[PDB]
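We did not get these values from a lab; they are worked out from the coordinates using the rules stated. Cβ atoms come from the backbone with ideal geometry, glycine included; neighbour counts cover every protein chain shown.
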Protein chains: 4
Amino acid sequence: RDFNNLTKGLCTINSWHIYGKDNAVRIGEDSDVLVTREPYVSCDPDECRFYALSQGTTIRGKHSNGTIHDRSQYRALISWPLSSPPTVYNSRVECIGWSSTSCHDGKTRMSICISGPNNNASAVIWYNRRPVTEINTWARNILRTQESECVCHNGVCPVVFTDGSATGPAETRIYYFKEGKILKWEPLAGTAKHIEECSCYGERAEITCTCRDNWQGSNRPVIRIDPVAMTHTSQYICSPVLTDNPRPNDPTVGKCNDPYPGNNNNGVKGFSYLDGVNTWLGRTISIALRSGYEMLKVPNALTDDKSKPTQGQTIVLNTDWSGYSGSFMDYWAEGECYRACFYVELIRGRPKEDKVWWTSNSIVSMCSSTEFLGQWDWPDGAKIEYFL
Amino acid sequence: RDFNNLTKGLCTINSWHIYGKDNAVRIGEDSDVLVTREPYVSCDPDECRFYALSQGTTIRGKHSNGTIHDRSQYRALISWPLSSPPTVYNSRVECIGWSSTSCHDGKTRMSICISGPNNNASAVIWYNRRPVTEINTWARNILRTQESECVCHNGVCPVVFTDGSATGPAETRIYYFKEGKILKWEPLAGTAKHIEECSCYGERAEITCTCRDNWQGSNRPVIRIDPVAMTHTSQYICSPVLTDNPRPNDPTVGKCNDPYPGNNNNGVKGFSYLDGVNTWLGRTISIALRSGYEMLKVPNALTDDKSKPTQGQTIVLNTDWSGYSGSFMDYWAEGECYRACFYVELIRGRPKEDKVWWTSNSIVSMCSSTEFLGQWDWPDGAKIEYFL
Amino acid sequence: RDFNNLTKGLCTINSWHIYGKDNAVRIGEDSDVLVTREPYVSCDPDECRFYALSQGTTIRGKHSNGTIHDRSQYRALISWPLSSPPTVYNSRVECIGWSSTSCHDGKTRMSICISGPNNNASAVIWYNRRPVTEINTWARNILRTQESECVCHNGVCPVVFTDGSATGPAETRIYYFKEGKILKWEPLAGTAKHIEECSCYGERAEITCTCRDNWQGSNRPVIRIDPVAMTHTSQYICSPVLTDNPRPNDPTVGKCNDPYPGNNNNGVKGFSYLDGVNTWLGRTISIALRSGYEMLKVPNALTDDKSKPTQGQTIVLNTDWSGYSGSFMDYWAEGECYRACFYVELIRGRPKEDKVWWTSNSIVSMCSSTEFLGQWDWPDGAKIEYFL
Amino acid sequence: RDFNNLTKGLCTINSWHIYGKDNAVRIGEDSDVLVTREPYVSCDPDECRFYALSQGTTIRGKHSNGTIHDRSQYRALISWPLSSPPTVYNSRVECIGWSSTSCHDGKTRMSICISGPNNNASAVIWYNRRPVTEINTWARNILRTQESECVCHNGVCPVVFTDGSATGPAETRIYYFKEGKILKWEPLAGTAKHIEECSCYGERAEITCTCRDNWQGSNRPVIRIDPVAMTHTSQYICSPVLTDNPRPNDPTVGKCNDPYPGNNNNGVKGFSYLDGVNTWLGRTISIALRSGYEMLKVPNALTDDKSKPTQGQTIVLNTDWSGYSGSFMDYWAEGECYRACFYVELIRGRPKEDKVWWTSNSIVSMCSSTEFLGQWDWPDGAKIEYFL
Ligand SMILES: *[C@@H]1O[C@H](CO)[C@@H](O[C@@H]2O[C@H](CO)[C@@H](O[C@@H]3O[C@H](CO[C@H]4O[C@H](CO)[C@@H](O)[C@H](O)[C@@H]4O)[C@@H](O)[C@H](O[C@H]4O[C@H](CO)[C@@H](O)[C@H](O)[C@@H]4O[C@H]4O[C@H](CO)[C@@H](O)[C@H](O)[C@@H]4O[C@H]4O[C@H](CO)[C@@H](O)[C@H](O)[C@@H]4O)[C@@H]3O)[C@H](O)[C@H]2NC(C)=O)[C@H](O)[C@H]1NC(C)=O
Ligand SMILES: *[C@@H]1O[C@H](CO)[C@@H](O[C@@H]2O[C@H](CO)[C@@H](O[C@@H]3O[C@H](CO[C@H]4O[C@H](CO)[C@@H](O)[C@H](O)[C@@H]4O)[C@@H](O)[C@H](O[C@H]4O[C@H](CO)[C@@H](O)[C@H](O)[C@@H]4O[C@H]4O[C@H](CO)[C@@H](O)[C@H](O)[C@@H]4O[C@H]4O[C@H](CO)[C@@H](O)[C@H](O)[C@@H]4O)[C@@H]3O)[C@H](O)[C@H]2NC(C)=O)[C@H](O)[C@H]1NC(C)=O
Ligand SMILES: *[C@@H]1O[C@H](CO)[C@@H](O[C@@H]2O[C@H](CO)[C@@H](O[C@@H]3O[C@H](CO[C@H]4O[C@H](CO)[C@@H](O)[C@H](O)[C@@H]4O)[C@@H](O)[C@H](O[C@H]4O[C@H](CO)[C@@H](O)[C@H](O)[C@@H]4O[C@H]4O[C@H](CO)[C@@H](O)[C@H](O)[C@@H]4O[C@H]4O[C@H](CO)[C@@H](O)[C@H](O)[C@@H]4O)[C@@H]3O)[C@H](O)[C@H]2NC(C)=O)[C@H](O)[C@H]1NC(C)=O
Ligand SMILES: *[C@@H]1O[C@H](CO)[C@@H](O[C@@H]2O[C@H](CO)[C@@H](O[C@@H]3O[C@H](CO[C@H]4O[C@H](CO)[C@@H](O)[C@H](O)[C@@H]4O)[C@@H](O)[C@H](O[C@H]4O[C@H](CO)[C@@H](O)[C@H](O)[C@@H]4O[C@H]4O[C@H](CO)[C@@H](O)[C@H](O)[C@@H]4O[C@H]4O[C@H](CO)[C@@H](O)[C@H](O)[C@@H]4O)[C@@H]3O)[C@H](O)[C@H]2NC(C)=O)[C@H](O)[C@H]1NC(C)=O
Ligand SMILES: CC(=O)N[C@H]1[C@H]([C@H](O)[C@H](O)CO)O[C@H](P(=O)(O)O)C[C@@H]1O
Ligand SMILES: CC(=O)N[C@H]1[C@H]([C@H](O)[C@H](O)CO)O[C@H](P(=O)(O)O)C[C@@H]1O
Ligand SMILES: CC(=O)N[C@H]1[C@H]([C@H](O)[C@H](O)CO)O[C@H](P(=O)(O)O)C[C@@H]1O
Ligand SMILES: CC(=O)N[C@H]1[C@H]([C@H](O)[C@H](O)CO)O[C@H](P(=O)(O)O)C[C@@H]1O
Ligand SMILES: *[C@@H]1O[C@H](CO)[C@@H](O)[C@H](O)[C@H]1NC(C)=O
Ligand SMILES: *[C@@H]1O[C@H](CO)[C@@H](O)[C@H](O)[C@H]1NC(C)=O
Ligand SMILES: *[C@@H]1O[C@H](CO)[C@@H](O)[C@H](O)[C@H]1NC(C)=O
Ligand SMILES: *[C@@H]1O[C@H](CO)[C@@H](O)[C@H](O)[C@H]1NC(C)=O
Ligand SMILES: *[C@@H]1O[C@H](CO)[C@@H](O)[C@H](O)[C@H]1NC(C)=O
Ligand SMILES: [Ca+2]
Ligand SMILES: [Ca+2]
Ligand SMILES: [Ca+2]
Ligand SMILES: [Ca+2]
């Protein structure tokens, strides 16, 4: 009907309640479920769906041997109904590619998939389910994107891309689209040294994305965008409570405009909600590998380089695997504020579970509450040995 | 369009005709059917669906070993099309939890799921498919609810919860919701000593729920609610025709405001239609275990402590298993009265059938007729030995 | 929108073209297809669907052993999309029973299912998907109905039932319904001695049903109904070209008001289009068993007891099995006349193919053309030995 | 709503981007996917679907042994959702036959299927999903059609048929339909000697179809139609860059009105976009067999018998199988021109891969871009040995 505008603010978060859960690997043991990875959730004005990058095979199927690789001609962006598994018979294909992003603007939805060789990949922008715009590689080394949903304000929806090295300086750019057409684009600015896999949300005409520095830096990069003026800035989260993985241990003071040193050439997609005292950071529990997941209330994290934990909540125990995590919100829900949500990818199989030749994932999703609810941990459930 | 109001009365019941049947366990032998339990039926203005608490696995699947437990992170409230099985590809998820209730109000539908540990569980109320309200545990010992549908009158829909011991005094409360928001709540009143798993229906601006006393008492508790004034009372069904399971034998006189003694720490979810001479009680045939099912016309049951059977009808033979049973009606059907219906859960597997490692169920459903129709028995059908 | 009226006449038939085909048994070898029997086709204002009486099991499933029986608590009336198989995931249940009929009236659809023991069965009438009317057994010996679709004229839809013996005198009645309510009913009249499984169609405010005499009589009974006056008559098709199965050989002259003698206690559901010179009778090729199928132009069959074949067309070869057959037409298609159609059930398995423990069927359907098209035979396709 | 008119022109093509991909054979290894062949794509005003001629069996199913044959009573025209596999549970049947074509006109869609024996086949035309017109064989030797979609202009949609010999002179005719009714038909004209499997598109009130000469001729026949006047002409593509398969090698000069000699009794369905300098021809890489696929910019191909390659792009490598290819466009997309698309069938199994007893295919589809995007090759993916 009409373009949506970020008119409200974030509700206060005093705890988190379960929103959705897949149980995909448990069910996939005896069903026609698709091997996926790199998921997310995204809302429309009438329903919210689950999203993922398919591998073009069922888990129990023979072609699942070798699904440890990321880029192939047999991947695609698919969507399915909330808390149901990525079934072969109930899934809908958005576009063909091995990297992606998607978002609705009040009128219709825009989806972007990237495909191709390393020497020269390319992005195609779709809108109202028709292919509208195309963009070829600029720095000729794996053109990539968010891996989670974008946000729009009155028709304009910014998106972040990177093209170039993963263990050194790259070429990041913020593009501004309106009905699938490029309005403008500008290169990265600010003090952030490496950008990758941005997780974004919005409130009161502003967009905040917490991203990943894969080069060096256990603290996380941040990008604030102004959808009306079409401008931005970047920096790091000051707080000493580090959130990348892998990472060293938490210190007494942190860094605001420089990567905190300790581990190289590695990271993980993550997110956070930056709102003064109402600030919460998410992270794995293990400093060495992707296991466990926890949420932490760290007042004034982004601006205070000494801030420490006030309250917290456990999502997945440290004996249980996790993976990626990102942000989303239901911009079309009734209320006076925006209720914040997030998802956590639960990876099974290789590399850590190598008696199996595949790699796949599960999903758990939570949203905020204004009460102080009790906590419980939410693992995937599957017994790898039933697959031997 | 507009809120629904309990404007009619109950039609006269002279017999029951089949409404719906699943045949889930028969079909699940060679299909992708989900292991479920604790079912019910619920109507919308345009279609009536089947409901159940999934276990997150298919019957023939490996993860079905151990589905004898009730509370787990892998259960969910699902719905599917009438007289079809709970298939993996045709099911819709309402919310995440191990206890529940749901009902439409004329405009939209409200669903409630409860999840968490025993020390501290919590309920989340959803409306129009978005999470609106949250409630944490009050007495810190398994917060639980109806296990069947609620009833609404002009926007207000009462719901009964219990939190605390199952073999002693607990904390029951009636909550009044309007569009997912808590209007009010009040503690139990009247002479009923223990409340659990209420089965409710409505006619002429009043709501009657026949429940379960798991502490002591083979006779059943009753709760009458006034949706307009937001008040209630409780008591027991006077009649000597006992209906809980397990239970002792029928006596000559019964108890109106006190639990009839005989068996402890056990019961089963049940229901009844209380309407003077037009009164019918349902019950298993075996006094010791959940087998067989029969309907009995006992005039003035609730107020007469000597009332005895006038007419009856067999639903499931005593050589056949049954389980839970509850009430529902199609508030949007054409006519001058409300045609009363009920469902019976048919459990297969453990505990009684232990050559199998799972536990699942089937459904049969009937509604009333004004004629005196012939009777037939309706078992599940499956041969356990085809699963060995 | 508005009630439909039989306003047109039959187009001239000069040949038949394929309309639809299932290929169910071929596909069911490696799919979740349901064991069915007693099928038919029925149109709505917007789509035409396939219909059948399910057995509550998949073909490859264990519970298919013993599906040679007809009456059981696990059967149901289901419908699915045209030329697709009766799949477990794509089927819709109309009502519970082992005998049936259904038809749309311009506004909504009425469906009727019969269930129960032999001593006392009962029919429930549904309308707009809600159970409206009930009727108990009158002569206490297997109450049964059409096994194909009914026809309506301005809201009124007659239906034929039988209750009593199959090898002697019974109790037939024509019921007249309007929105699921009984308008009237009257007993059989005319010179027909035994009625069973009527196949009906309509044009110019009249309804003709060709039925089955299971007692004695290789020639077929006929019932003409006047939907406006609510009256009828019966008789036999005069022509010497006999069409029941089993049957003796064709003679030189036939019988108009008396069963032609030759074979007892046996028959098969069939049909015909009676329209003067534009008359066509259908029948199996073998006089002893259900094999092959052919259509024959026999001018003035119903009134001329000497009429013989003018033109013909082969549908299924005599080396291929067939079974039941019935009539249907698309009352909502554009044109100035009614294009006539029919279906043939193709049975596989027991009794003739006994290396398998089940019994199931396939469907082929044809409609008329005004040209003289070429012919081809349409078998089921499946190789029974792939099931061993 | 209203009839569609070819009002725009072709956008300029500077490269091709992926549109859709099936991955059917990879997935069919562990799923209920249907054995198909002879596919295509076709758009509606609201969605574009995939099309194919089914064989009436699943790939892993027993009835897949022998699917090397083309004409049988068990084939059908089916359609399914874009980039999803032809699943047994998600497919929709259009009509019954072993040869076909289909297209939407702005209001509704017309589909045509051909069935029957070689002595006398026949076509039935369907519209708005009801059978409207019938046509019997004229030259009594396999009546056949396009095997891809038709194009319409203000209600009129021409279609090309052939009936008669494949290795000598036949009887081709162009039919003009309007709402399923034959407006007119006329025999082939111009200098083309043999016509088969036409691939058509349209822009600015004209229809161009590049077809197949199976008799003699490695260069391709062309038919230009005037939808308003209902007339046409034929000829060959002049250019020396030959595109049929099998074929001899490319010469220095070509033939405009005569079949270029070299190989007999063989060909393959193909297409091309003829637009002056903006001209592109598609073809397999191997001159002997169906392997590899490439697109070539050959300015003024149709009129210049010396034209040679200016630019090109690889679609499938020569070590990978291909098959048929055809044209389609989204006539209802926003813009000022028509964005051109095409599909390539990827055949697996017999005849070249004979360790398997079946024959099936996969799909890849691309559309044009105005940028110069990078290229990648798109194979089917499946490992035949996982089927042994
Ligand atoms: C039934 O259910 C109810 C329902 O909620 C349960 O109640 C909840 O219990 C939670 C667990 O205790 C609790 O969460 C914790 O909150 C802390 C903050 O509170 C305290 O301090 C503030 C300020 O002084 C006070 O206001 C407050 O009242 C308290 O005093 C957090 O600090 C906790 O986090 C730390 O511990 C966990 C492990 O338990 C770590 O994973 C986490 O990362 C935190 O510790 C690391 O990080 C800090 C920051 O740099 C380091 O200083 C510290 O050394 C740790 O560092 C190591 O670990 C990380 C990760 O391994 C690594 O990178 C680093 O290098 C180091 O190696 C925790 O989040 C809830 O707040 C509580 N509910 C409420 C409402 O408060 C109830 O318990 C159940 N049972 C019953 C009977 O009810
Ligand atoms: C073809 O189909 C037709 C279609 O309907 C068939 O007709 C139907 O047949 C039914 C079965 O007989 C019948 O149902 C019974 O009705 C009784 C009431 O009728 C009589 O009394 C009244 C008042 O005097 C009269 O008006 C009426 O005319 C009759 O005289 C019920 O009382 C029957 O229930 C009792 O028996 C069944 C077992 O058969 C028990 O399961 C049931 O619980 C009842 O008995 C227990 O409970 C009472 C109450 O406390 C006890 O006193 C008694 O001792 C039993 O107690 C033991 O059992 C329970 C459970 O095991 C346990 O807790 C307790 O401790 C004890 O151990 C029964 O319901 C229908 O009414 C009839 N149709 C109609 C319209 O009436 C037809 O038969 C078929 N065949 C043919 C040829 O047509
Ligand atoms: C390529 O395709 C084209 C496309 O159509 C093919 O053309 C079609 O060919 C059909 C087969 O021959 C033909 O159908 C037949 O039509 C007969 C009527 O025509 C003749 O008579 C009339 C009047 O005199 C003339 O107008 C007309 O021109 C002809 O002369 C029917 O009579 C045929 O039916 C009989 O034979 C078949 C077997 O072939 C039986 O199954 C059938 O039941 C009929 O025979 C039995 O019944 C009669 C009636 O009582 C008995 O008298 C007779 O003895 C038989 O009885 C025994 O059998 C039954 C069943 O087994 C049992 O109950 C009984 O007791 C006995 O034991 C037949 O229907 C089409 O009409 C023709 N197309 C057209 C438009 O006409 C073409 O051939 C193909 N090839 C080529 C090169 O084109
Ligand atoms: C990273 O990705 C980027 C993204 O695009 C890559 O860039 C692209 O590279 C493509 C491959 O080289 C290239 O396509 C070729 O274009 C030729 C035309 O260009 C040249 O000539 C014109 C005019 O002079 C100039 O304007 C232009 O600048 C060039 O000089 C085509 O001619 C090419 O086709 C021929 O070769 C291929 C094999 O490679 C054959 O399959 C094809 O059929 C052509 O050759 C046959 O046909 C001709 C015509 O009759 C014959 O003369 C010739 O002998 C061949 O004949 C045999 O073969 C056929 C089939 O086997 C048989 O029937 C016959 O009998 C003979 O036996 C080719 O299409 C793209 O144009 C280029 N992109 C752009 C925008 O240009 C990049 O490379 C990647 N890497 C990096 C680092 O970036
Ligand atoms: C487009 C692409 O290749 N994305 C891949 C990125 C990429 O390698 C890093 O961002 C380094 O640049 O890594 C992740 P992970 O395996 O670390 O879990 C897998 C992704 O699929
Ligand atoms: C929330 C919960 O645990 N519900 C469980 C209740 C509960 O134990 C009783 O109401 C005693 O309080 O019992 C039944 P049942 O096994 O007796 O058939 C299983 C339920 O799932
Ligand atoms: C309601 C019912 O039992 N219908 C059955 C009738 C019935 O026995 C005959 O009409 C004799 O009355 O026969 C057929 P068929 O086996 O002969 O092919 C099977 C039906 O299912
Ligand atoms: C109606 C029909 O039979 N179509 C068949 C045609 C036909 O034989 C040729 O057009 C020669 O006339 O060939 C193809 P292909 O096998 O060559 O790949 C298979 C088709 O199914
Ligand atoms: C998977 O492939 C590897 C080589 O990639 C092979 O050695 C291994 O045995 C395969 N796994 C299975 C289960 O076949
Ligand atoms: C189920 O698990 C138990 C232990 O919980 C084990 O002893 C048993 O053998 C398992 N059943 C099957 C069929 O594997
Ligand atoms: C059918 O006839 C009645 C009068 O006989 C009329 O009201 C009705 O509208 C007619 N049907 C249609 C479709 O108009
Ligand atoms: C089917 O059941 C019969 C008895 O009804 C039994 O003898 C037979 O062996 C069973 N068939 C199969 C395939 O198990
Ligand atoms: C397929 O059929 C042929 C004969 O057509 C037979 O020889 C062959 O063994 C069959 N293939 C399989 C896998 O059974
Ligand atoms: Ca890092
Ligand atoms: Ca009790
Ligand atoms: Ca007979
Ligand atoms: Ca050729």
**Message:** Largest first, please: the extent of the C-alpha atoms of the range C:327-388 along each principal axis, to the nearest Å.
**Reply:** 51, 25, 16
**Request:** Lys and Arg at +1, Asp and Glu at -1: add these up for the other residues within a Cβ distance under 15 Å of D:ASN120 and post the number.
**Result:** -2
**Asked** Given a Förster radius of 30 Å and the C-beta distance between B:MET230 and B:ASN128 as r, what FRET efficiency does 1/(1 + (r/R0)^6) yield to the nearest 0.05?
**Response** 0.80
**Request:** Output, in nm with one decimal and in ascending order, the distances from the A:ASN257 label point to the matching label points of the other copies (7 Å from Cα along Cα-to-Cβ).
**Result:** 7.9, 7.9, 11.2
**Message:** Given the rotation relating A and C, tell me which residue in A puts its Cβ closest to the axis and the distance in Å.
**Reply:** A:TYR89, 4
**Under Karplus coefficients 6.51, -1.76 and 1.60, residue-wise ³J(HN,Hα) of the range D:240-256 in Hz, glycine/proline x** = x, 7, 5, 10, 8, 8, x, 7, x, 8, 5, x, 8, 10, x, 10, 7
**Request:** Express in whole angstrom the spacing between the alpha-carbon centres of the range D:146-193 and the range A:249-271.
**Result:** 69
**Asked** Going by average Cβ neighbours within 10 Å, how do the peptides C:363-370, D:86-93 rank, with the highest at the top?
**Response** C:363-370, D:86-93
**Prompt:** With a 10 Å Cβ neighbour count serving as the proxy for reagent exposure, in which order, fewest first, do D:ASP32, C:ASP22, D:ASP70, B:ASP354 appear?
**Reply:** B:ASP354, D:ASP70, D:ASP32, C:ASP22
**Request:** Using a Gaussian network model of chain D whose springs link C-alpha atoms within less than 10 Å, name the residue from D:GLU47, D:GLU147, D:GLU197 with the highest mean-square fluctuation.
**Result:** D:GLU47
**Prompt:** Nearest 20 debye, what's the magnitude of the dipole of the range C:222-325 about its Cα centre given +1 on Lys and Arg Cβ and -1 on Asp and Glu Cβ?
**Reply:** 100
**Fill in**
By the mean-Cβ-within-10 Å protection proxy, highest first, B:319-330, A:377-388 rank as B:319-330, A:377-388
**Prompt:** Along the charge dipole of the range A:284-388, which of A:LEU388, A:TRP321, A:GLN375 sits closest to the positive end, that is, farthest toward it, with unit charges on the beta carbon of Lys, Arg, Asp and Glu (+1, +1, -1, -1)?
**Reply:** A:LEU388
**Complete:** What the 5 Å binned alpha carbon P(r) of the range D:241-323 shows, as percent of pairs per bin from 0, is 3, 15, 24, 28, 20, 10, 1
**Complete:** Placing +1 on each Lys and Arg Cβ and -1 on each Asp and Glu Cβ in chain B, then taking the dipole about the Cα centre, the residue among B:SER360, B:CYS200, B:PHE271 whose Cα reaches farthest towards the positive end is B:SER360
**Message:** I need the phi-derived Karplus couplings for the range C:87-92: 6.51 cos²θ - 1.76 cosθ + 1.60, θ = phi - 60°, integer Hz, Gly and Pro marked x.
**Reply:** 7, 5, 9, 10, 8, 10
**Prompt:** What number comes out for the charge environment of D:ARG26, summing +1 per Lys or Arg and -1 per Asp or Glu over other residues with Cβ under 12 Å away?
**Reply:** +1
**Request:** Within the set of other residues whose C-beta is less than 14 Å from the C-beta of C:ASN245, count the net charge using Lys and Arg as +1 and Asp and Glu as -1.
**Result:** 0
**Request:** Among A:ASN23, D:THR303, D:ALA52, pick out the residue whose Cα is farthest towards the positive end of the charge dipole of the protein assembly as shown, where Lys and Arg carry +1 and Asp and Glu carry -1 on C-beta, about the Cα centre.
**Result:** A:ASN23
**Request:** Determine the dipole magnitude for chain C: charges of +1 sit on the beta-carbon of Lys and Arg, -1 on that of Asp and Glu, nothing else is charged, the reference point is the Cα centre, and the result goes in debye to the nearest 20.
**Result:** 680
**Fill in**
Mean-square fluctuation maximum in Gaussian network of chain C, Cα pairs under 10 Å, restricted to C:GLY56, C:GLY292, C:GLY190, hits C:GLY190
**Message:** Which of the three applies to chain B, rounded, prolate or oblate, going by the alpha-carbon gyration tensor with a ≥ b ≥ c and a/c under 1.5 meaning rounded?
**Reply:** rounded
**Prompt:** Over the protein assembly as shown, how many percent of alpha carbon pairs lie in each 10 Å bin up to the one with the longest distance?
**Reply:** 1, 7, 14, 18, 18, 17, 13, 7, 3, 1, 0, 0
**Fill in**
Check: C-alpha center the range C:317-388 vs C-alpha center the range A:220-235, spacing in Å is 67
**Request:** With an 8 Å cut-off on Cα pairs and a minimum separation of 6 or more residues, tell me the relative contact order of chain B in percent.
**Result:** 17
**Prompt:** Under 16 Å Cα-Cα from C:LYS355, which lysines qualify once same-chain neighbours fewer than 8 residues away are excluded?
**Reply:** C:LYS62, C:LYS383
**Asked** Considering only the label points, 7 Å along Cα→Cβ from Cα, what distances in nm to one decimal separate C:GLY312 from the same position in each other copy, shortest first?
**Response** 6.3, 6.3, 8.8
**Complete:** Taking the label point 7 Å from Cα along the Cα-Cβ vector, the copy-to-copy distances for B:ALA229, listed from shortest in nm with one decimal, are 6.3, 6.3, 9.0
